[PDB]
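A, B, C, D, E and F label the chains in the order they appear, each numbered from 1.
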Amino acid sequence: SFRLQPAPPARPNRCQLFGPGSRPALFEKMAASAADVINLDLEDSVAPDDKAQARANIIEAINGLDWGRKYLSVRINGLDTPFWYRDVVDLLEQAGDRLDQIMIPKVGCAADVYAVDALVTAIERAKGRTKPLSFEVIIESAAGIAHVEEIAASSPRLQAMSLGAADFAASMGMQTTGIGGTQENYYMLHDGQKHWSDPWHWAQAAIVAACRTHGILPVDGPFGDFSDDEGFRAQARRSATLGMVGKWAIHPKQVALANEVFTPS
Amino acid sequence: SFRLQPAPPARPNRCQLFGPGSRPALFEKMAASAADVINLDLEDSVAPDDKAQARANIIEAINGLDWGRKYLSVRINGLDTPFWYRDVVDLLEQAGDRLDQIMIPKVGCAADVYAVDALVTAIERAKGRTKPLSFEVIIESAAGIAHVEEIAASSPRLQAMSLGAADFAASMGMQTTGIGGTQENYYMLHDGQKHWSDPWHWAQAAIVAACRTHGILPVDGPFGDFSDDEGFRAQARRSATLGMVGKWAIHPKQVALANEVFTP
Amino acid sequence: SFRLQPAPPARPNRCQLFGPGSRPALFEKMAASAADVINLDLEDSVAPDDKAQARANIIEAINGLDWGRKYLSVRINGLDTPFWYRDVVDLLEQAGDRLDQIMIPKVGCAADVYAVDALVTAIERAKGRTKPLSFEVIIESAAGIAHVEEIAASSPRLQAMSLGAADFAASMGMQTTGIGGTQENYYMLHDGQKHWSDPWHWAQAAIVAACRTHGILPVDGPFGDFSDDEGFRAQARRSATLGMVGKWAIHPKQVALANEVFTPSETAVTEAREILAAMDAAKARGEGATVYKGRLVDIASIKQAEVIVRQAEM
Amino acid sequence: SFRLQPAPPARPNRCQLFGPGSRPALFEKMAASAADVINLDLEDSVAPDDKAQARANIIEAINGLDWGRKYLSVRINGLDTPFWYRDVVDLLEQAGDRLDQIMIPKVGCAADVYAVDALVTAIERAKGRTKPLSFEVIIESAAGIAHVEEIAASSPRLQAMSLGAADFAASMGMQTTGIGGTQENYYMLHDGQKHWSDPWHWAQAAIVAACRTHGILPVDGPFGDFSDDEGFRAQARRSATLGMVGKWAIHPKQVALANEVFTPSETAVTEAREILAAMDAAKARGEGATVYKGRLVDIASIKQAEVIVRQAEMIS
Amino acid sequence: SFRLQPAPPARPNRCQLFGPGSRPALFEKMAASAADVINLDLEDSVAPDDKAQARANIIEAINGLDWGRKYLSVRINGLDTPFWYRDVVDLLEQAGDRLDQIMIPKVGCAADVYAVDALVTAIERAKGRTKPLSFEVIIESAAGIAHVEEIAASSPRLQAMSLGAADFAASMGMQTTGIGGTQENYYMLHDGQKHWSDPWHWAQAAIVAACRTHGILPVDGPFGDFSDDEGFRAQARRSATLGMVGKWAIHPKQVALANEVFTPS
Amino acid sequence: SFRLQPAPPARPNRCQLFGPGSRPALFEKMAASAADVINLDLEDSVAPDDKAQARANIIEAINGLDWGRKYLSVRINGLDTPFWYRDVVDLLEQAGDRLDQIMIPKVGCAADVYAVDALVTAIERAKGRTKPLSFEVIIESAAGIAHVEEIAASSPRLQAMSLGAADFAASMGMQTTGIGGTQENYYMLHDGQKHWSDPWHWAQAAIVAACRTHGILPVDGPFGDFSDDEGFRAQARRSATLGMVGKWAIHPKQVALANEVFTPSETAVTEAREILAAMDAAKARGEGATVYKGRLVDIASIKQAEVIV
């Protein structure tokens, strides 16, 4: 089109704070946090038996709580589960206009996003919803990274893409520990001395390139070690250096760390 | 894999009898016909205001009537409508195991079929349905025929593909109001005399090639003029010659005509 | 996208009148013709040594003549020629904003259109042109028909696509006579009796499908026999039936013929409106299907009737 | 690349005469025929128990017989059979330089041709063969026509592509009779009258488009009715009209019929020369517009004249 | 498919032990080794004049020796050589059912594997072979890594995919020394201090992603320095961390090292 | 094709020396340098108001100066600018046969190169230019790296491909300092200590793979810190290791540094010739593999040693 890359969404995304839908007592705290994006979770932080109740809890929270200027997103279950369709139907039929975004996990190709888009669009039209939802996806599988560009171009709704390093590692068969960060066995040996390198380099850089090509925000995923502030800082700094615009917080203390690294200047 | 093309489903598909879901009085008449496949319709034979009730009737018929050995299909609404998702959700959640198949209309690419497959599969798993549904699709748009092969390879559930000449003509901007058959203004002029040619040749042939490549049944669609048996025979014969295995009946009289042409 | 297929340009395109840019004495009459689109030619109707002058003539006509409500287009030389870049540079630098469109010949892939788009866009920006040109292309080669869909989706500027039967046949190695129309040696023999069929069926239909998929106007090309009005009517009727919206006029006589065919007859229109009324009545009765003159009509029939109507309301 | 479409091989291909490799007595007659291309068959005209012997026969025929100016091709068995690899290996290891080409049947995708190319290339290198083989392929399946362009672009060796109407119809599940030609049940009905149309239109046109896009010769396949001479002519004329350059002969009578349709008449050649001479004379006087008897000539009208003259000189 | 990614072959592949077919006196030591996979070589460890004899040796070895529970593979010559067809023809026509697998070198596209598949399938059918051969391929060229996913999906026979660092480096025009491992000239300079990084990161990660997407086993290739046990461990650990399941042994004492790193807990 | 990968152009490309077309007083110094390739710039080193003059300057320099055996290239403006078409038209219509190459910046897809190829080919035919121009491109955007293989295969004119790390970083939204090199915030933390890693790894390797697949020269782009020779050396050495054959010089002093790194050392070539000799001896006694200094060495090492020599 003889201008370069499309501009990404202008909204801040320095930090996405996650909380399980099964704990409504956390919602007001999340709303009061310094996080730019709130992720209410129906997926991995919620046991299968609790998913139906968590779904109801989230719908009530969306309709009943003051979320301020925060971007409100919900991580639904995967398309390889029986839960995902009910997540989408109930959310789009019952949740009010305050809902901003849906997060789709384990995306492995463009058609996965198209599928959710097909369903979401129909319900929006059926219910006469005035504010169209945006999409964000998680790259957390071999298929996801292998198909990262087609996924980035898969929907006009798409605004963000996250790397889920833990589930990515599991999918890739990576012999890693914890969630993200330095890996003990990934180092170069030179004259008896060890130098640790970045085992996530390609996955992060490819995600960034795919996102920037198609006007999407690339985002860094969870970091597991809550007691390692400097580990988080290093991980976030690497991601920012590679072009990512923010990082998940799965613990309240991580929000300040993410804001420290990702706030522009 | 260095073998011949995939084998198509072995089930009979000589004729598919259509009937609006808003006319439940037709259902037992359809069930008693000589049609191999029964298509209960929620789409273009049903007014928008009646689609919700038509859906309720179809579910009742699936759980209520004796369909014998018929292949029981339901044509849902298109993905560009607000009706399609409720069609699928209600059917898979409420209809018993007698439902065999759903027909997806106005398919423009493989992702459309993938989208329905995503939804259907999740509900089957959630409800523990023992008999997985098959799919059939209609090629009835410009995009459809342009992407016919990718559509033919779009799902393991896919068993059949029909050419819908009515919507196809509209989408293509074809100057006509008739449904299939001979076109008055499509002829060759040689030394004063006119010779009428087949305006549907490529569409049908492309569909057959796509279907045979991927082990799918290619089917001819609706013939509008139910007062013209010889017109129907001509259309059905052309389709058979091109490799299609059957044809829709949109009226009881057409069922006998279809079986005449397509019975091996 | 989950929407209707992209709507084509609403502008009329029933007839495209061609005229060599080397003959400016005809320009005035073309402007006063009944053609919806005017095509001033720099390509095959102009000898190589006459191209430079024809280029200057066309630019002068774009700036000087009153073209009324005509859609003004120029056919440039192909990307396989040394002429094309000078055609585009001179037109975009020297011609005023009355120029609407350029026609690109012998298009074989999406990249050909993109190449012209790249040049045109840079010059429009450099000169600050206020009305961006639209593109139309000619499918007149084997490569063209084989890659027809990618060509249809090659540029936001693209508004129309023509089948050039004479050059298509040459490229395909077709043993044909004249330009388009019935071919003597293309017939079916049944019981010693011959039945002529359409040797252009796939090319036309595939172009229509590609165009309609991407919101482009499919157009029929030149018909060579100027003395055969009924032959022209036959060719135009086949095109209109397959979905094409208009046809070239390479002779002033053909303009009236094109407009007659590609404007829906009064009989066809009245039938379309009755079907709409019949379907509208069935809706109020709570039915999506009913009977019209002994044949089935339904919701899909509404959209077919709407095809006939909007072309007549043009 | 900003030039005209790739030029096809500059050799005549009006008729390809087939003969089973199990019948070596026919070989000298084929070599003496008026066919441009000779196809010795290892495939469907040869029974499974005769395939090994036919392979030996063909190899001897290539090494021992005088084939004159004929383009010598061998149709091997398909990649879905246990025979194909043995066909290629024995041919490329044992046959002399006189072998020009191999024909690959039932090609469904580009990778089928690539597979054969990989094998053929390695044996040519191992044996030090001096004249590399060209390929030709048969489109005779649904997969083949669906993937026709990718097949056309599948190999630098590829020179020709045929439509096998009978096997194509069987693959497509077409309810047809015989091999090619008019089909009884494929007609248009108007006012009680029937008009028969072409049930092979797209298959033929698409093959021609794919071939001409990639510099390949598009060829029409077998016609079954050996007594229907006018049926053959009609089929050949349709093919010629759609852009095919030749047709198979599976019976010696068909050779004359094929050459008749695909050779320009002496009248057409003469008129073509005159038009080109008129143009040349005009340019000699520095004129851009040519005039022949009647009026003015379109550039496409001289384009075909040059094609016709080029044809006549290819047949010497 | 709305299911998890395809499961890889279940068989062990911690170590692949290579040996030139031109040295049949070493075959019994290989059969007795602790390697899961045995690779009898007809390619780059056999001089051109010795290839015909090595072929006969291997065929005799397949029919003659006790291979126990070893997965028995043969690396044939590449499709750019005149040797490959004779390698495959003789193996499939003359070797018994003890042969498990063929290793295809220098694969640059999916069509390369299809070509070998076409030939193997024909002979298996002609000879009525009871146990169909599996395939493994080596990614050891620029074309290979560029087309790694299409190669991973190239055949139902494909079970494993190896990175060949020696040929890869040559094909890529890498100014490297030795085979794999730390590269002296690949380091980051920070405040007059050198930090060596992984010059093989993308190639290894991309291979793992392609393999896991399509149910293939990703394998690390040869490590040249025999005398460097710690260097081997470092290379093996990096590979394991990135998701590879095993590594070649081109010297007998590398088998134990590979098993130490790749044996699952 | 069943052959080895296509061979790249054989011409030297150890260093590409850039100079703005707006400063013709520096041209003669460039022609006197030890740089293999000369890049006269119409793009980012030239302000918009100077572009037309620089165009005229460059044309005069091409027709007027002695460039010896240098490969003479001109970096035109991008396809997203109004300047590019006039750069091409003027150069191809007015510059003499001494011009060798045009460098296209910000290439995002194959069609970009095709667009320039279409224009260049037509003018060459119109003017009857006897020496067809080659192309080189810069991968300096997200789209460029995502589509890097299709770009590398986009034209028979294409001979070289550069990574432009600064503009790449900007497009990618990378939080980096300077141009290329070590990045302060890109490090691994292990028990309290930091280990810096390569934030350009995939970009460089992917460019090399795309290039080598299609017979193109992969080249490393600008390095910003002119006072940091060791910094330059580390960057050049990483690139050479990954397979890049040369590096830009944007300051005159960088030419020697590029030549030093991208001319294989006598130590490296002696070790290569030593390996080749060892494998001749191995092959002579019926061995496809042998031992070299406690290391494995076989037929694969031959092509490796040949890359060196």
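General remarks:
We adopt the following convention: contacts are C-beta pairs under 8 Å (C-beta built on N, C-alpha and C of every residue); 3 or more make two chains touch, one makes a residue touch a chain.
Protein names from UniProt, one per chain: A, B, C, D, E, F = L-malyl-CoA/beta-methylmalyl-CoA lyase.
Counting C-beta pairs in contact across C-F and across C-D gives the higher total for C-D.
Between chain A and chain E the centroid-to-centroid distance comes to 37 Å (mean Cα coordinates, whole Å). Rounded to a whole number, the gap between the C-alpha centres of chain B and chain F is 57 angstrom.
Chain centres here are Cα averages; for chain A and chain B they lie 41 Å apart. Per-chain CA centroids place chain A at a distance of 48 Å from chain C. Looking at chain B, one finds that residues 2, 79, 117-118, 122, 195, 197-198, 201-202 touch two or more other chains.
Chain-to-chain contact here is organised irregularly, matching neither a line nor a ring nor a star, and falling short of all pairs touching.
Here the touching chains pair up as A-B, A-C, A-E, A-F, B-C, B-D, B-E, C-D, C-F, D-E, D-F, E-F. Of all the residues in chain F, the ones that touch chain C in their complex are 79, 81-86, 89, 110-112, 114-119, 122-123, 125-126. Residue ranges on chain C touching chain D, taken from their complex, read 44, 47-50, 79-80, 108, 141-143, 145-146, 166-167, 169-176, 179, 183, 185-190, 192, 194-195, 197-199, 201-203, 224.
The part of chain A that touches chain C in the complex is made up of residues 1-2, 117-118, 121-122.
Residue ranges on chain A touching chain F, taken from their complex, read 2-5, 149, 181-182, 184, 187, 195-198, 201-202, 205-206, 208-213, 218, 230-231, 234, 237-238, 240-243, 245.
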